Amino acid sequence: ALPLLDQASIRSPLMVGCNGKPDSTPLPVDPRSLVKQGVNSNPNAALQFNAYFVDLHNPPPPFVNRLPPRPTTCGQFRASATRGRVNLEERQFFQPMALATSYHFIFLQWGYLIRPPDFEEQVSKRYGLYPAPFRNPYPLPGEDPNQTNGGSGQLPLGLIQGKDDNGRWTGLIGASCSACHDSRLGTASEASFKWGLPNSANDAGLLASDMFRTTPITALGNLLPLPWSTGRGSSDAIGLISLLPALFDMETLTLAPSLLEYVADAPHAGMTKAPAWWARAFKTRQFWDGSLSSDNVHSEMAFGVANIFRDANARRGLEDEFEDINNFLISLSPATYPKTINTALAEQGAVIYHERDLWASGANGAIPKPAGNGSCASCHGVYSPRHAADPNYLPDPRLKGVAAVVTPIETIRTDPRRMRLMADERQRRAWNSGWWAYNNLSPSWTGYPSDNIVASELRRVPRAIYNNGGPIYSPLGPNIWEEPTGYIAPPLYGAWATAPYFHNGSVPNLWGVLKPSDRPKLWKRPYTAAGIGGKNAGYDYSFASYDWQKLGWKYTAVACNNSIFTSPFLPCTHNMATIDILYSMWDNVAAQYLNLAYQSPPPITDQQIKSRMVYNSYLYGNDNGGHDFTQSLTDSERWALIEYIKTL
Ligand code: HEC
Ligand code: HEC
């Protein structure tokens, strides 16, 4: 009789299927693509999927196929995934922030007078980044990076110089996808790097603030569209989506700002933490709200499109590179747990995971219960091969580990600010009717509208009319931003490693997810020592800072206090928020491109840095409540479930 545990180095199903197989081998089925209407052939099964995959390559009628085919063989996929990884390491997609020489001297902006000899480490510490596992070069003053293979300086993982769309080293530094999407757990002596472990430590606001005070890349230029944060390990990255229609023609990606499609009063979505790329292969949808099909890469393209230096053709023309990025992400598997596991305890956990009804014996009466068996599995997915072969649990064994449930907010009840991001029909319609929704697949679509500002102004008006309930103007595409209803229950493969948890990174360990009463409202992880100069302590990421029992960061609880003399200053209310917490780069970028009053990024002070280094659940969007149906568990059930998660 099949195993309960399923520990695997190779998790990604295409990589499982291609392992040791020649290039010409027909690619394995992507199980995410099986999650379509009809999948739930047993309506009484423990798990009922509700977030369906949408195939944009061969779209439902009346849409037409206009995308190059996805890979059809193991060799095609592997070559694509290699190109994806090279793109992540060397291509400058994300908006450049600073000249290489300004970055070389950025200790000036930290308040140092001369370069400390630990400069390269202090960069990592200050900004919550890591020593990169690849050569990540930038040119020292005087060096021409196109004669010196990028330069002899090295950047941390998370920053990039890279190569522009003409294949040349740019001489400019910005963030990379890895600033948010990647991190090290364990020093490089303790652990190899694996892609797709979301960053718990990055401070996006502090990098933006520092960079803003360097020599402008463009002398008179506008503020840059770049993300901010209230602290570390989450950011307003997703705020970009709301910003997009303010700056860019939504059909052509021409930079042509307009008032007509920007809802300037959509509520701020809060901070979100990056989901884990290394389980992309199990997720039918993108984004914390499950809003888009995982077949789509236009969402993955946002930061490359939002770069102010590209023209409409170049922005749209990033698509091939992003399909290769996407294939690298689907090729990923999570790191395997590096410590000891009690196999028998993990098997008790496996059972609890798949079978224990959290609403059993009248528990959690006040939390609406979804269709299914009330177990972890009824939302997150079925992991156990034994349960995967049982139609009381899963209708198809190929669906093992698939996360395709968006849990309604009335049940999940975690911080709701993020689920309001595209709540307004007007916003979704702007998206639905253009390039973002792949409206080139409409049967009514001819060609891209003209790439010119006058014509872009012409089209804005009937677009806004459609957005507000009027006649169709631009055709609709199949890559619809779904109306939000809740949050995706994400894959727990790899979750051992990815603390802190929930979409806002508010809960520092798995125990806390499992026991709401033990979640600290404010919590501080172990820091590194300050560097030479006495500043830039960072978050320590060595194994000693991780909690191998409760599965998460070691932390010290801290009390909120509105007294101004306290340090770190950690208010009990979002109302006492300081200027660095309230700032929105996206808001001011929009204001400035729309010829409205705008506020430039505040210089973030060292006292504010002290507060950004502690997680505060009281800030807007930062609540640590929710997923409370785990309170019905016993502590014995919780330890078993933790041991089981170690095996995922
Ligand atoms: C922080 C400033 C980020 C940078 C730079 C990039 N990404 Fe990101 N990404 C980020 C967050 C917080 C989220 C979740 C947003 C939300 O609230 O829903 C994402 C989401 C993705 C995803 C989908 C992941 C999933 O749902 O499993 C992908 C595939 C992704 N981002 C890709 C990506 C690429 C390719 C980037 C560089 C061009 C990139 N992102 C930059 C945070 C940030
Ligand atoms: C549906 C009703 C669910 C049940 C039952 C369980 N989980 Fe859950 N989980 C769910 C959602 C929708 C989310 C995302 C919440 C958010 O806003 O972020 C979660 C989150 C977790 C997490 C954190 C995952 C991450 O941060 O990437 C863990 C570790 C987790 N869930 C584990 C878990 C276990 C062990 C359960 C059975 C006891 C369990 N969950 C039940 C949806 C639901």
Side-chain angles (χ1 to χ4, degrees), residues 84 87-88 91 93-94 158 174-181 196 198-199 202 204 226-229 234-241 269-277 279-280 282-283 285-292 294 297 299-304 318 322 325-326 328-329 349 352-353 356-359 367-370 372-380 403 405-409 411-416 418-419 421 486-492 494-496 498-507 510 512-514 551-552 626-627 629-630 632-633 637-638 641-642 644-645:
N87 291 346
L88 293 175
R91 282 278 286 122
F93 289 122
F94 179 104
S176 60
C177 311
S178 297
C180 307
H181 280 281
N199 201 345
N202 64 310
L226 79 193
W228 193 263
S229 60
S234 61
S235 73
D236 64 8
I238 203 58
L240 209 202
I241 299 297
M271 303 294 116
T272 65
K273 189 186 177 210
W277 275 345
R280 183 104 289 282
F282 294 92
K283 296 170 85 178
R285 313 297 292 178
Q286 309 262 200
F287 288 148
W288 276 111
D289 47 14
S291 57
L292 304 165
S294 294
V297 302
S299 57
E300 296 190 4
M301 286 163 77
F303 279 108
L318 294 167
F322 276 78
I325 295 164
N326 180 247
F328 176 54
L329 307 188
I352 288 153
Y353 178 97
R356 212 285 220 176
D357 183 347
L358 295 171
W359 287 261
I367 300 160
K369 171 183 167 176
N373 86 153
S375 71
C376 309
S378 65
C379 294
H380 285 276
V405 173
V406 174
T407 300
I409 191 62
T411 138
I412 181 68
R413 311 213 327 291
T414 40
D415 193 292
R418 164 59 179 79
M419 80 160 276
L421 170 83
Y487 299 120
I488 187 66
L492 311 181
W496 79 257
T498 65
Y501 300 105
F502 300 158
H503 67 273
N504 59 1
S506 50
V507 178
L510 227 137
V513 174
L514 289 184
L551 237 45
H627 197 281
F629 35 76
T630 58
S632 74
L633 295 163
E637 284 166 324
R638 300 171 170 119
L641 277 167
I642 284 153
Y644 176 55
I645 291 157

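In this chain, numbering begins with 1 at the start of the sequence shown. Remember, it's 1-based here, ligands and their atoms both numbered in the order they're listed.
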(message) Are any of the N/O atoms on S176, whether in the backbone or the side chain, positioned under 3.5 angstrom from an N/O atom of ligand 1?
(response) no
(request) Check each heavy atom of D289 against ligand 1 and say whether those closer than 4.0 Å belong to the side chain, the backbone, both or neither. (result) neither
(request) Please confirm whether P490 comes under 4.0 Å of ligand 2, counting heavy atoms of the residue only. (result) yes
(request) Using a strict cut-off of 4.0 Å, indicate which atoms of ligand 1 neighbour a heavy atom of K283. (result) 25 (C), 26 (O), 27 (O)
(request) Would you kindly specify which portion of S235 sits under 4.0 Å from ligand 1, judged on non-hydrogen atoms: side chain, backbone, both or neither? (result) side chain
(message) Please confirm whether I488 approaches ligand 2 to less than 4.0 Å, judged on its heavy atoms.
(response) yes
(request) Record the part of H503 in heavy-atom contact with ligand 1 below 4.0 Å; permitted values are side chain, backbone, both and neither. (result) neither
(request) May I ask you to check if ligand 1 and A204 share an N or O to N or O distance below 3.5 Å? (result) no
(message) Once you restrict to heavy atoms under 4.0 Å, what part of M301 touches ligand 1? Side chain, backbone, both or neither.
(response) neither
(request) Would you mind checking which non-hydrogen protein atom is closest to atom 32 (C) of ligand 1, with the distance to 0.1 Å? (result) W277 NE1, 3.3 Å
(message) I need the protein N, O or S atoms closer than 2.8 Å to atom 8 (Fe) of ligand 2, given as residue plus atom name.
(response) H380 NE2, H627 NE2
(message) Please confirm whether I645 approaches ligand 2 to less than 4.0 Å, judged on its heavy atoms.
(response) yes
(message) Taking distance alone, with N or O pairs closer than 3.5 Å, would you say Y353 contacts ligand 2?
(response) no
(request) Pick one of side chain, backbone, both or neither for how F629 approaches ligand 2, counting any non-hydrogen atom pair under 4.0 Å. (result) side chain
(request) Check whether any N or O atom of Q286, backbone or side chain, sits under 3.5 Å from an N or O atom of ligand 1, and answer yes or no. (result) no
(request) Using a strict cut-off of 4.0 Å, indicate which atoms of ligand 1 neighbour a heavy atom of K273. (result) 12 (C)
(request) Distance to 0.1 Å, residue and atom name: give those for the protein heavy atom nearest to atom 24 (C) of ligand 1. (result) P275 CG, 3.7 Å
(message) Quick check for you: within a radius under 2.8 Å, how many protein N, O or S atoms neighbour atom 8 (Fe) of ligand 1?
(response) 1
(request) Considering the heavy atoms of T411, write down every atom of ligand 2 situated less than 4.0 Å from one of them. (result) 2 (C)
(message) Looking at ligand 2, is there an atom of it that comes within less than 4.0 Å of some heavy atom belonging to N504?
(response) no
(message) Just to check, does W288 reach to within less than 4.0 Å of ligand 2 when the distance is taken from its heavy atoms?
(response) yes
(request) Do me a favour and list the nearest non-hydrogen protein atom to atom 15 (C) of ligand 1 with residue, atom name and distance? (result) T272 OG1, 3.6 Å
(request) For the pair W277 and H181, name the ring-plane relationship: parallel under 30°, tilted 30 to 60°, perpendicular over 60°. (result) parallel
(request) Considering the heavy atoms of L641, write down every atom of ligand 2 situated less than 4.0 Å from one of them. (result) 38 (C)
(request) Answer with yes or no after comparing the ring centroid distance for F502 and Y487 against a 6.0 Å cut-off, counting only values under it. (result) no
(message) So if I count the atoms of ligand 2 from 1 in the order they appear, which ones are less than 4.0 Å from some heavy atom of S375?
(response) 5 (C)
(request) Identify the heavy atoms of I352 and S375 that sit nearest to each other, and give their distance. (result) O-CB, 4.5 Å
